[PDB]
Each structure stands twice: as C-alpha cells, then as structure tokens.
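Below is the file entry_34.cif, which contains mmCIF, N, CA, C and O atoms.
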data_model
loop_
_atom_site.label_atom_id
_atom_site.label_comp_id
_atom_site.auth_asym_id
_atom_site.auth_seq_id
_atom_site.Cartn_x
_atom_site.Cartn_y
_atom_site.Cartn_z
N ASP P 1 21.86 46.43 32.57
CA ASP P 1 23.07 46.41 31.72
C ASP P 1 23.82 45.10 31.87
O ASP P 1 24.40 44.59 30.91
N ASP P 2 23.82 44.54 33.05
CA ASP P 2 24.49 43.28 33.30
C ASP P 2 23.47 42.17 33.44
O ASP P 2 22.50 42.29 34.18
N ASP P 3 23.63 41.13 32.67
CA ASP P 3 22.75 39.97 32.78
C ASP P 3 23.51 38.81 33.40
O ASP P 3 22.94 37.93 34.06
N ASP P 4 24.80 38.84 33.19
CA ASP P 4 25.71 37.90 33.78
C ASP P 4 26.90 38.67 34.30
O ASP P 4 27.77 39.09 33.55
N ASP P 5 26.87 38.95 35.57
CA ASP P 5 27.95 39.70 36.20
C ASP P 5 29.06 38.75 36.59
O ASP P 5 30.23 39.13 36.66
N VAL P 6 28.67 37.52 36.82
CA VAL P 6 29.58 36.47 37.19
C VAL P 6 30.56 36.13 36.06
O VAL P 6 30.23 35.46 35.08
N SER P 7 31.75 36.61 36.19
CA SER P 7 32.74 36.36 35.20
C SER P 7 33.74 35.37 35.76
O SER P 7 34.64 35.71 36.52
N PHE P 8 33.54 34.13 35.41
CA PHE P 8 34.43 33.09 35.82
C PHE P 8 35.39 32.83 34.70
O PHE P 8 34.97 32.55 33.57
N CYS P 9 36.64 32.92 34.99
CA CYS P 9 37.67 32.78 34.00
C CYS P 9 37.94 31.30 33.82
O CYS P 9 37.38 30.48 34.55
N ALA P 10 38.76 30.94 32.87
CA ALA P 10 38.96 29.55 32.56
C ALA P 10 40.15 28.98 33.27
O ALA P 10 41.24 29.55 33.21
N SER P 11 39.94 27.89 33.96
CA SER P 11 41.01 27.12 34.53
C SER P 11 40.96 25.74 33.90
O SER P 11 39.87 25.20 33.66
N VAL P 12 42.10 25.18 33.61
CA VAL P 12 42.15 23.92 32.90
C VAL P 12 42.76 22.82 33.74
O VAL P 12 43.88 22.93 34.23
N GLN P 13 41.99 21.79 33.93
CA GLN P 13 42.42 20.60 34.59
C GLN P 13 42.55 19.52 33.55
O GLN P 13 41.62 19.31 32.75
N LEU P 14 43.65 18.85 33.55
CA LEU P 14 43.87 17.74 32.66
C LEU P 14 44.20 16.53 33.45
O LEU P 14 44.62 16.63 34.61
N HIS P 15 43.97 15.39 32.89
CA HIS P 15 44.19 14.16 33.59
C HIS P 15 44.97 13.23 32.72
O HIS P 15 44.89 13.31 31.49
N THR P 16 45.73 12.38 33.36
CA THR P 16 46.55 11.40 32.70
C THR P 16 45.68 10.48 31.86
O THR P 16 44.63 9.99 32.33
N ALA P 17 46.11 10.27 30.63
CA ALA P 17 45.43 9.42 29.69
C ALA P 17 45.34 8.03 30.24
O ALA P 17 46.33 7.50 30.76
N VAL P 18 44.20 7.44 30.12
CA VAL P 18 44.00 6.12 30.64
C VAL P 18 44.30 5.10 29.56
O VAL P 18 43.82 5.21 28.42
N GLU P 19 45.14 4.16 29.90
CA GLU P 19 45.63 3.18 28.98
C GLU P 19 44.62 2.10 28.71
O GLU P 19 44.29 1.29 29.59
N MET P 20 44.11 2.13 27.53
CA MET P 20 43.19 1.17 26.98
C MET P 20 43.13 1.50 25.52
O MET P 20 43.56 2.59 25.17
N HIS P 21 42.66 0.61 24.66
CA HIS P 21 42.71 0.85 23.20
C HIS P 21 42.06 2.15 22.77
O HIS P 21 42.52 2.83 21.86
N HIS P 22 40.99 2.49 23.43
CA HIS P 22 40.36 3.77 23.22
C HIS P 22 40.89 4.69 24.29
O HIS P 22 40.41 4.68 25.42
N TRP P 23 41.85 5.50 23.93
CA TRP P 23 42.54 6.33 24.89
C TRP P 23 41.74 7.56 25.19
O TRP P 23 41.17 8.17 24.29
N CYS P 24 41.68 7.91 26.43
CA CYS P 24 40.90 9.04 26.86
C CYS P 24 41.74 9.95 27.74
O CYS P 24 42.36 9.49 28.71
N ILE P 25 41.82 11.21 27.34
CA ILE P 25 42.45 12.24 28.15
C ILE P 25 41.32 13.13 28.69
O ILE P 25 40.81 14.01 27.98
N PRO P 26 40.86 12.86 29.92
CA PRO P 26 39.76 13.62 30.53
C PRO P 26 40.19 15.04 30.91
O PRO P 26 41.28 15.24 31.49
N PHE P 27 39.36 16.01 30.60
CA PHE P 27 39.67 17.38 30.93
C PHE P 27 38.50 18.05 31.63
O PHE P 27 37.34 17.61 31.51
N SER P 28 38.81 19.06 32.39
CA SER P 28 37.82 19.85 33.07
C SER P 28 38.23 21.32 32.96
O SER P 28 39.30 21.71 33.43
N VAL P 29 37.42 22.10 32.33
CA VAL P 29 37.68 23.51 32.13
C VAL P 29 36.47 24.28 32.64
O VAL P 29 35.36 24.03 32.24
N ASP P 30 36.68 25.17 33.55
CA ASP P 30 35.56 25.88 34.14
C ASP P 30 35.53 27.31 33.69
O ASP P 30 36.55 27.85 33.26
N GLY P 31 34.36 27.89 33.74
CA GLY P 31 34.18 29.25 33.36
C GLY P 31 32.83 29.44 32.73
O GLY P 31 32.30 28.52 32.10
N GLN P 32 32.25 30.60 32.92
CA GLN P 32 30.98 30.93 32.30
C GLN P 32 31.18 31.50 30.91
O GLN P 32 30.52 31.05 29.98
N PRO P 33 32.06 32.52 30.71
CA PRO P 33 32.45 32.90 29.37
C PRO P 33 33.16 31.70 28.75
O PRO P 33 34.18 31.22 29.29
N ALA P 34 32.62 31.22 27.66
CA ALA P 34 33.09 30.03 27.01
C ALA P 34 34.48 30.22 26.42
O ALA P 34 34.67 31.07 25.55
N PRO P 35 35.47 29.46 26.90
CA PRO P 35 36.81 29.54 26.36
C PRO P 35 36.98 28.64 25.14
O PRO P 35 36.36 27.57 25.04
N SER P 36 37.77 29.08 24.22
CA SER P 36 38.10 28.28 23.09
C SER P 36 39.15 27.26 23.51
O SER P 36 40.21 27.63 24.04
N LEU P 37 38.81 26.00 23.37
CA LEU P 37 39.69 24.91 23.75
C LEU P 37 40.50 24.47 22.57
O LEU P 37 39.94 24.12 21.52
N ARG P 38 41.78 24.51 22.72
CA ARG P 38 42.67 24.11 21.68
C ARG P 38 43.77 23.22 22.21
O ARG P 38 44.37 23.51 23.25
N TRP P 39 43.98 22.13 21.53
CA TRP P 39 45.03 21.22 21.86
C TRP P 39 46.26 21.55 21.07
O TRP P 39 46.19 21.85 19.86
N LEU P 40 47.35 21.56 21.73
CA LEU P 40 48.61 21.76 21.11
C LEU P 40 49.36 20.45 21.24
O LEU P 40 49.32 19.83 22.31
N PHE P 41 49.97 20.01 20.19
CA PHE P 41 50.67 18.76 20.19
C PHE P 41 52.10 18.98 19.74
O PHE P 41 52.34 19.34 18.59
N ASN P 42 53.02 18.81 20.67
CA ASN P 42 54.47 19.01 20.44
C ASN P 42 54.76 20.42 19.94
O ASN P 42 55.65 20.64 19.11
N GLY P 43 53.99 21.38 20.44
CA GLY P 43 54.15 22.76 20.03
C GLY P 43 53.46 23.08 18.71
O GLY P 43 53.47 24.22 18.26
N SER P 44 52.86 22.09 18.10
CA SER P 44 52.21 22.22 16.83
C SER P 44 50.72 22.16 17.04
O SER P 44 50.24 21.59 18.03
N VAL P 45 50.00 22.77 16.14
CA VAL P 45 48.57 22.82 16.19
C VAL P 45 47.98 21.44 15.94
O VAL P 45 48.16 20.87 14.86
N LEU P 46 47.32 20.91 16.94
CA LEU P 46 46.66 19.65 16.81
C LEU P 46 45.26 19.90 16.33
O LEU P 46 44.51 20.67 16.95
N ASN P 47 44.93 19.32 15.22
CA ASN P 47 43.62 19.44 14.65
C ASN P 47 42.93 18.09 14.81
O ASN P 47 43.53 17.05 14.48
N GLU P 48 41.73 18.11 15.33
CA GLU P 48 40.97 16.90 15.62
C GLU P 48 40.60 16.16 14.32
O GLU P 48 40.29 16.79 13.30
N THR P 49 40.59 14.85 14.38
CA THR P 49 40.28 14.01 13.25
C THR P 49 39.16 13.04 13.64
O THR P 49 38.51 13.24 14.66
N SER P 50 38.93 12.02 12.85
CA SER P 50 37.95 11.01 13.23
C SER P 50 38.54 10.05 14.27
O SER P 50 37.81 9.41 15.03
N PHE P 51 39.87 9.96 14.31
CA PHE P 51 40.52 9.08 15.25
C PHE P 51 40.74 9.79 16.57
O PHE P 51 40.54 9.20 17.63
N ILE P 52 41.12 11.05 16.49
CA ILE P 52 41.40 11.85 17.67
C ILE P 52 40.33 12.93 17.76
O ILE P 52 40.35 13.87 16.97
N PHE P 53 39.41 12.81 18.69
CA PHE P 53 38.31 13.76 18.78
C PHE P 53 38.10 14.31 20.19
O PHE P 53 38.22 13.58 21.18
N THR P 54 37.82 15.59 20.26
CA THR P 54 37.55 16.27 21.51
C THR P 54 36.07 16.10 21.88
O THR P 54 35.18 16.50 21.11
N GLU P 55 35.82 15.50 23.00
CA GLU P 55 34.48 15.34 23.48
C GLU P 55 34.11 16.46 24.41
O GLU P 55 34.83 16.75 25.36
N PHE P 56 33.03 17.11 24.10
CA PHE P 56 32.45 18.11 24.95
C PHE P 56 31.21 17.49 25.55
O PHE P 56 30.21 17.29 24.85
N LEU P 57 31.25 17.15 26.82
CA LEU P 57 30.10 16.52 27.42
C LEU P 57 29.26 17.57 28.09
O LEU P 57 29.75 18.66 28.43
N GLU P 58 27.99 17.28 28.22
CA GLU P 58 27.02 18.20 28.79
C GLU P 58 27.23 18.37 30.30
O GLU P 58 27.06 17.42 31.06
N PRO P 59 27.63 19.57 30.74
CA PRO P 59 27.83 19.86 32.16
C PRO P 59 26.50 20.11 32.85
O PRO P 59 25.48 20.38 32.19
N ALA P 60 26.49 20.01 34.15
CA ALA P 60 25.31 20.30 34.92
C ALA P 60 25.20 21.80 35.04
O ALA P 60 26.20 22.49 35.20
N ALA P 61 23.99 22.31 34.98
CA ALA P 61 23.73 23.75 35.00
C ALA P 61 24.07 24.39 36.34
O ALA P 61 24.01 25.61 36.49
N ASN P 62 24.42 23.56 37.30
CA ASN P 62 24.78 24.03 38.61
C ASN P 62 26.29 23.98 38.83
O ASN P 62 26.79 24.36 39.89
N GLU P 63 27.02 23.52 37.82
CA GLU P 63 28.46 23.48 37.91
C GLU P 63 29.02 24.45 36.87
O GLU P 63 28.42 24.63 35.81
N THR P 64 30.12 25.08 37.18
CA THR P 64 30.71 26.04 36.27
C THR P 64 31.76 25.34 35.40
O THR P 64 32.42 25.96 34.56
N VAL P 65 31.89 24.04 35.59
CA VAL P 65 32.92 23.28 34.95
C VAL P 65 32.39 22.54 33.73
O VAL P 65 31.40 21.82 33.79
N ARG P 66 33.08 22.71 32.64
CA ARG P 66 32.80 22.02 31.41
C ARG P 66 33.70 20.80 31.39
O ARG P 66 34.88 20.89 31.75
N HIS P 67 33.17 19.66 31.03
CA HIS P 67 33.95 18.43 31.09
C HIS P 67 34.03 17.80 29.73
O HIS P 67 33.22 18.11 28.85
N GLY P 68 34.97 16.91 29.56
CA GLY P 68 35.10 16.22 28.33
C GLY P 68 36.28 15.31 28.34
O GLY P 68 36.86 15.04 29.40
N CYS P 69 36.66 14.86 27.18
CA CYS P 69 37.77 13.96 27.02
C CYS P 69 38.31 14.09 25.61
O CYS P 69 37.55 14.33 24.68
N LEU P 70 39.60 14.02 25.46
CA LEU P 70 40.18 13.89 24.15
C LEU P 70 40.29 12.41 23.93
O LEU P 70 41.18 11.75 24.51
N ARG P 71 39.38 11.86 23.19
CA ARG P 71 39.33 10.44 23.04
C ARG P 71 39.89 10.03 21.71
O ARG P 71 39.53 10.57 20.66
N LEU P 72 40.79 9.09 21.76
CA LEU P 72 41.36 8.54 20.58
C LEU P 72 40.84 7.14 20.40
O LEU P 72 41.15 6.24 21.18
N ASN P 73 40.00 6.99 19.41
CA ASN P 73 39.38 5.71 19.06
C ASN P 73 40.42 4.79 18.43
O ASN P 73 40.51 3.61 18.76
N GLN P 74 41.21 5.35 17.55
CA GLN P 74 42.26 4.64 16.89
C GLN P 74 43.54 5.44 17.16
O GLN P 74 43.76 6.49 16.55
N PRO P 75 44.35 5.00 18.11
CA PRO P 75 45.58 5.69 18.49
C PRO P 75 46.74 5.36 17.55
O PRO P 75 46.84 4.25 17.02
N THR P 76 47.60 6.31 17.34
CA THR P 76 48.75 6.08 16.51
C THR P 76 50.02 6.53 17.21
O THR P 76 50.02 7.52 17.91
N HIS P 77 51.08 5.77 17.04
CA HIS P 77 52.42 6.02 17.64
C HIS P 77 53.05 7.37 17.28
O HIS P 77 54.10 7.72 17.80
N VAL P 78 52.43 8.12 16.38
CA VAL P 78 52.89 9.47 16.09
C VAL P 78 52.34 10.43 17.14
O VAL P 78 52.86 11.52 17.35
N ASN P 79 51.31 9.95 17.85
CA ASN P 79 50.61 10.71 18.91
C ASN P 79 51.37 10.59 20.21
O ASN P 79 50.99 11.13 21.23
N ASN P 80 52.45 9.85 20.16
CA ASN P 80 53.31 9.63 21.29
C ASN P 80 54.17 10.88 21.50
O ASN P 80 55.32 10.95 21.04
N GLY P 81 53.59 11.86 22.14
CA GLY P 81 54.25 13.11 22.36
C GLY P 81 53.53 13.94 23.40
O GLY P 81 52.78 13.40 24.23
N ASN P 82 53.72 15.23 23.34
CA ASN P 82 53.15 16.14 24.31
C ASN P 82 51.87 16.80 23.83
O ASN P 82 51.82 17.38 22.75
N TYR P 83 50.87 16.71 24.66
CA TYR P 83 49.59 17.32 24.46
C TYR P 83 49.47 18.49 25.45
O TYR P 83 49.96 18.41 26.57
N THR P 84 48.89 19.56 25.04
CA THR P 84 48.66 20.68 25.92
C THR P 84 47.31 21.31 25.60
O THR P 84 46.98 21.49 24.43
N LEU P 85 46.53 21.61 26.61
CA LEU P 85 45.22 22.20 26.40
C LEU P 85 45.27 23.67 26.75
O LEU P 85 45.66 24.05 27.87
N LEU P 86 44.92 24.49 25.80
CA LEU P 86 44.85 25.92 25.97
C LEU P 86 43.39 26.33 25.94
O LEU P 86 42.67 25.99 25.00
N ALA P 87 42.94 27.01 26.96
CA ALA P 87 41.58 27.52 26.99
C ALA P 87 41.65 29.01 27.13
O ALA P 87 42.21 29.51 28.09
N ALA P 88 41.09 29.71 26.18
CA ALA P 88 41.14 31.15 26.21
C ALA P 88 39.76 31.75 26.16
O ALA P 88 38.98 31.47 25.25
N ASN P 89 39.44 32.53 27.16
CA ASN P 89 38.20 33.29 27.20
C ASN P 89 38.56 34.75 27.51
O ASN P 89 39.75 35.01 27.80
N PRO P 90 37.61 35.73 27.43
CA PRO P 90 37.91 37.15 27.69
C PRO P 90 38.70 37.41 28.98
O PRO P 90 39.63 38.21 28.98
N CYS P 91 38.37 36.71 30.05
CA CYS P 91 39.06 36.92 31.32
C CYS P 91 40.51 36.46 31.25
O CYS P 91 41.42 37.19 31.69
N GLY P 92 40.76 35.28 30.70
CA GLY P 92 42.12 34.80 30.67
C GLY P 92 42.27 33.50 29.93
O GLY P 92 41.29 32.92 29.43
N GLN P 93 43.50 33.05 29.85
CA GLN P 93 43.84 31.81 29.21
C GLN P 93 44.50 30.88 30.21
O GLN P 93 45.41 31.29 30.96
N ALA P 94 44.07 29.66 30.22
CA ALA P 94 44.61 28.64 31.08
C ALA P 94 45.29 27.60 30.25
O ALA P 94 44.95 27.42 29.06
N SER P 95 46.23 26.91 30.84
CA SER P 95 46.93 25.88 30.16
C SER P 95 47.25 24.76 31.12
O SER P 95 47.43 24.98 32.33
N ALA P 96 47.28 23.57 30.61
CA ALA P 96 47.69 22.40 31.33
C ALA P 96 48.33 21.49 30.31
O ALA P 96 47.91 21.50 29.14
N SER P 97 49.32 20.74 30.70
CA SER P 97 50.02 19.92 29.75
C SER P 97 49.89 18.44 30.14
O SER P 97 49.86 18.09 31.32
N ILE P 98 49.81 17.60 29.13
CA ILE P 98 49.66 16.17 29.26
C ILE P 98 50.62 15.47 28.29
O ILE P 98 50.59 15.69 27.11
N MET P 99 51.47 14.65 28.81
CA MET P 99 52.42 13.94 27.99
C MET P 99 52.08 12.47 28.10
O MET P 99 52.27 11.86 29.16
N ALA P 100 51.55 11.92 27.05
CA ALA P 100 51.07 10.55 27.06
C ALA P 100 51.90 9.67 26.15
O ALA P 100 52.53 10.16 25.20
N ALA P 101 51.90 8.39 26.42
CA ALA P 101 52.67 7.46 25.65
C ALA P 101 51.79 6.61 24.76
O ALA P 101 51.19 5.62 25.21
N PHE P 102 51.73 6.97 23.51
CA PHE P 102 51.00 6.21 22.52
C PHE P 102 51.98 5.38 21.74
O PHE P 102 52.38 5.73 20.65
N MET P 103 52.40 4.30 22.33
CA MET P 103 53.43 3.47 21.74
C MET P 103 52.81 2.25 21.07
O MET P 103 52.21 1.40 21.74
N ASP P 104 52.93 2.19 19.76
CA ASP P 104 52.38 1.07 18.99
C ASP P 104 53.42 0.08 18.68
O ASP P 104 54.61 0.38 18.68
N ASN P 105 52.98 -1.08 18.39
CA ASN P 105 53.81 -2.09 17.86
C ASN P 105 53.21 -2.46 16.53
O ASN P 105 52.19 -3.13 16.49
N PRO P 106 53.78 -1.92 15.42
CA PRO P 106 53.26 -2.15 14.05
C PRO P 106 52.92 -3.61 13.76
O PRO P 106 53.68 -4.52 14.16
N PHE P 107 51.81 -3.80 13.05
CA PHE P 107 51.23 -5.11 12.73
C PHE P 107 50.58 -5.71 13.96
O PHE P 107 49.36 -5.54 14.14
#
Would you encode the structure as structure tokens?
Amino acid sequence: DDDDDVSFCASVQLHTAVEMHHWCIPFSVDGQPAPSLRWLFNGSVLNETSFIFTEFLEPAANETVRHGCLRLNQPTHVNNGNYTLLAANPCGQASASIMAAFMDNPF
C-alpha cells in the first residue's frame, strides 16, 4: 500500500540576491512530495516572465533538497521590493522572505 512512506514536508531556504547584472536569488526547498513553488512579490502574485524566471535545477537523487534560483536576466527597478517564496505540499507550506534592491538608473 505504501511505496513512499517517507513524507518529507517542504522547508524553504532563501538566499540573499547576489548583485550582478544577472541577479540570482538562490533557493533550496526540500521534500519528497513536490511542493508548488510560488513567488509573492509585495503581497502580489509574481508571475514569471522571460526576464524574471524560476530555475529548477536537477537535484541529486540522494538529497531531498530541490535547488534553484530566481534569476533575473534583465532586472527592472519595479522589482525593487519584497520577494517571498511559498512552497506548499500535502504535509505543509513553508515560506521564506527575500527583500532585494533592484535599483536602476534609467538610461
């Protein structure tokens, strides 16, 4: 009846965005039941674009942690606000918040 008894719930680790033109917010979310990862931006639903994209990198089969980065190839000063990662799986929902400074100087 059980094929996967191991129910690892989702915990969310976020990391400070690294300042470089291609901004990267590295994340680590662990769990075997796959949690839905959603970014919240200033309390509003952040939807990924071609400029702002969530990277899901291939984890090792021996680690329970899923890794990735919210990478912004082309950053915009409207992104200068609060980011929050919500991961929800059957066991539970985890959250971590990241407030990054995307400050542009037009032209």
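Considering only C-alpha atoms, the residue among P:25, P:46, P:17, P:61 positioned nearest to residue 78 in chain P is P:46.
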Skipping near chain neighbours, those fewer than 2 positions away, what residues fall within 4.5 Å of residue 37 in chain P using only N, CA, C and O atoms, listed as a ChimeraX atom specification? /P:35,39,86
Residues just named, written with N, CA, C and O atoms as a short mmCIF file (atom, residue, chain, number, x, y, z; two decimals), in the frame of the given file:
data_model
loop_
_atom_site.label_atom_id
_atom_site.label_comp_id
_atom_site.auth_asym_id
_atom_site.auth_seq_id
_atom_site.Cartn_x
_atom_site.Cartn_y
_atom_site.Cartn_z
N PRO P 35 35.47 29.46 26.90
CA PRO P 35 36.81 29.54 26.36
C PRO P 35 36.98 28.64 25.14
O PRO P 35 36.36 27.57 25.04
N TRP P 39 43.98 22.13 21.53
CA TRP P 39 45.03 21.22 21.86
C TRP P 39 46.26 21.55 21.07
O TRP P 39 46.19 21.85 19.86
N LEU P 86 44.92 24.49 25.80
CA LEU P 86 44.85 25.92 25.97
C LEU P 86 43.39 26.33 25.94
O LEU P 86 42.67 25.99 25.00
#
Could you tell me, as a tab-separated table (two decimals) with N, CA, C and O atoms, in the frame of the given file, exactly which residues end up selected when the PyMOL selection byres ((chain P and resi 10) around 4.5) is applied to this structure?
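result.tsv, freshly written:
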chain	number	residue	atom	x	y	z
P	8	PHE	N	33.54	34.13	35.41
P	8	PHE	CA	34.43	33.09	35.82
P	8	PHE	C	35.39	32.83	34.70
P	8	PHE	O	34.97	32.55	33.57
P	9	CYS	N	36.64	32.92	34.99
P	9	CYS	CA	37.67	32.78	34.00
P	9	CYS	C	37.94	31.30	33.82
P	9	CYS	O	37.38	30.48	34.55
P	11	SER	N	39.94	27.89	33.96
P	11	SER	CA	41.01	27.12	34.53
P	11	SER	C	40.96	25.74	33.90
P	11	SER	O	39.87	25.20	33.66
P	12	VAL	N	42.10	25.18	33.61
P	12	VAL	CA	42.15	23.92	32.90
P	12	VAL	C	42.76	22.82	33.74
P	12	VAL	O	43.88	22.93	34.23
P	30	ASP	N	36.68	25.17	33.55
P	30	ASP	CA	35.56	25.88	34.14
P	30	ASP	C	35.53	27.31	33.69
P	30	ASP	O	36.55	27.85	33.26
P	94	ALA	N	44.07	29.66	30.22
P	94	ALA	CA	44.61	28.64	31.08
P	94	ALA	C	45.29	27.60	30.25
P	94	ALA	O	44.95	27.42	29.06
Could you name the residues that touch residue 54 in chain P at 6 Å or less, counting all atoms listed in the file, but leaving out those on the same chain fewer than 3 positions away, as a VMD selection string? chain P and resid 48 69 to 71
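Note that atom N of residue 23 in chain P and CA of residue 41 in chain P are 16.4 Å apart.
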Written as a PyMOL selection string, what is the full residue list that the PyMOL selection byres ((chain P and resi 75) around 8) yields on the file shown? chain P and resi 20-23+51-52+71-74+76-80+102-104
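Applied to this file, the PyMOL selection byres ((chain P and resi 97) around 4.5) selects residues 83, 84, 96, 98 and 99 of chain P.
The space between CA of residue 49 in chain P and CA of residue 101 in chain P spans 18.7 Å.
Candidate residues P:34, P:27, P:3, P:18 were compared for distance to residue 91 in chain P, and the nearest is P:34, using only C-alpha atoms.
Distance-wise, atom C of residue 42 in chain P and atom O of residue 82 in chain P end up 5.1 Å apart.
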Could the centre and edge lengths of an axis-aligned box, enclosing all atoms of range 55-64 of chain P in the file with 8 Å extra on each side, be given in Å to one decimal as lines of an AutoDock Vina configuration file?
center_x = 29.8
center_y = 20.7
center_z = 31.4
size_x = 28.1
size_y = 26.7
size_z = 32.9
Where does DSSP see strand (DSSP E) in chain P, if you list the residues as a ChimeraX atom specification? /P:11-14,23-30,36-41,44-45,52-57,65-72,82-88,93-99
With only C-alpha atoms as the basis for distance, which of P:106, P:90, P:59, P:68 is at the shortest distance from residue 36 in chain P? P:90
